[PDB]
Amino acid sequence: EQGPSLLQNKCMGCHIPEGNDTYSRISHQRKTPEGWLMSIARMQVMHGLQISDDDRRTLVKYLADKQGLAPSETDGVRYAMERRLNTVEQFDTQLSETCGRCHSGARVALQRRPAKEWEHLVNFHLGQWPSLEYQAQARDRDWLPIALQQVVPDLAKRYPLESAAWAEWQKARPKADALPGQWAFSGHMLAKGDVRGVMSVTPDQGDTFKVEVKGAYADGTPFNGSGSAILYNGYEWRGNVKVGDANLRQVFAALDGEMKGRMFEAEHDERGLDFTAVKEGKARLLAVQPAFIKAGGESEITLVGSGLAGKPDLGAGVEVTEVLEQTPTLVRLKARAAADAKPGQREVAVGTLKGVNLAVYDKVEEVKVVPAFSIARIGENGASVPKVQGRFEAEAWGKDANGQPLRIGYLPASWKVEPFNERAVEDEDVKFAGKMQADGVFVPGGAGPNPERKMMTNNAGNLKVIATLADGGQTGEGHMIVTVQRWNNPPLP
């Protein structure tokens, strides 16, 4: 049905009509598309609301457009929608202890509400979960008074219902007709590698589209898929593209003919790739793949972009020996750096188009494991939840001709796991926690109690992730904890 009629038929009765399609609570809050879905889902689980998936989708679309957030109101907290669950949040202590000790603090920041709606929210928490005020970081203080007198007013000032951003967004919001066309994309999947190609977006009913992804990874594995997408609030792109045997969700922000976000497996959000794209019509230079060239070396480098025309210049000391291919969105070439080429970044160019840098290096000095800290989780083995992999990359660092630090990039390496502490050695964590594969992907053990372990415990572990560079054997260290599952997994962490 239409958004307004469904709003009344399904919410009225509990929510009071206030005039021209506005209802109590509902019309006094602004959230992201997944935020709206989460509120409605709570209505079903907690309050018995009867609603089909189709009608729920209709209401989310309606509410996400009417009461959404301006792009700048999501700045810095987009990792939540992008399902980057290993993100180490950086909010003030008051918000962290009071509001981010259960779920993320980003779930809070991705909403805009007046003080009374923030006050109703506090009452709902302590009301729905009475044990709240007896838990850690709550039993040590007068939780309710502090939350109502200190927190509510702060939340209202930091995340108000009304703002210039939202007002100016409602007027400057572009239509979905601005998205169809060809889109050159570039991206990177941790522990897998670079990806590049072209995404064809064609219109469909309303704010939905047909999507076609055509590309490949740097290693030759294909990246071709077909799917669809919807556009919320003029910029919030949500898509699903079946690439091979996996359905990948796309959570991008489509602004100024540029799409930025993340594409991940609908079923496994640790398995994804960073994604940046540019619409045809504007000359852009997206990326260099690889973004590094060892001095005195030969390497196949490919440039990704939009409207590429001209001759590629990779900077001082770097020689373009054979342009293997040159289309407007992809330029493949063979390059060679002199053994004398000075270490440092090079401003790459294709004709007059500049934008990306190429690190020319002589030797690797320091290595950093990315991510430095992460969470792997046991799963499957009959359980209702999947295993959450640890996916790593070895980030190389050196020094340029000026003695300043130089980030080379992600260099190939050998991967292993070692006990993080004496306790891990004693419990034999490295034996039960799972298996580190050569490619840098750690596959945790199966869920459930394990009879073979002390106290028949789970295949959990406190591990040290060691990467050793193929280029010179320089080592890097990371920290990974393999833990238990979680069954409550809403759209936003």
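The numbering used is simple: start at 1 and walk along the sequence shown.
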Per the entry, higher mean C-alpha B factor between 182 to 190 and 340 to 348
340 to 348
Can you tell me which stretch has the higher mean Cα B-factor, 282 to 290 or 118 to 126?
282 to 290
Among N233, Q150, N86, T302, which residue carries the highest C-alpha B-factor recorded in the PDB entry?
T302
In terms of CA temperature factor as recorded, identify the highest of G379, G355, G390, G100.
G355
Consider only the C-alpha atoms of the modelled residues in this chain, order them by B-factor as the entry records it, and name the third containing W143: lowest, middle or highest.
lowest
Ranking every modelled residue in this chain by its Cα temperature factor as given in the entry, which third contains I16?
middle
Lowest, middle or highest third: where is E426 by Cα B-factor in its chain?
highest
By the entry's values, the third containing the CA B factor of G225 is the middle
Among the chain's modelled residues, which third holds the C-alpha B-factor of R78?
lowest
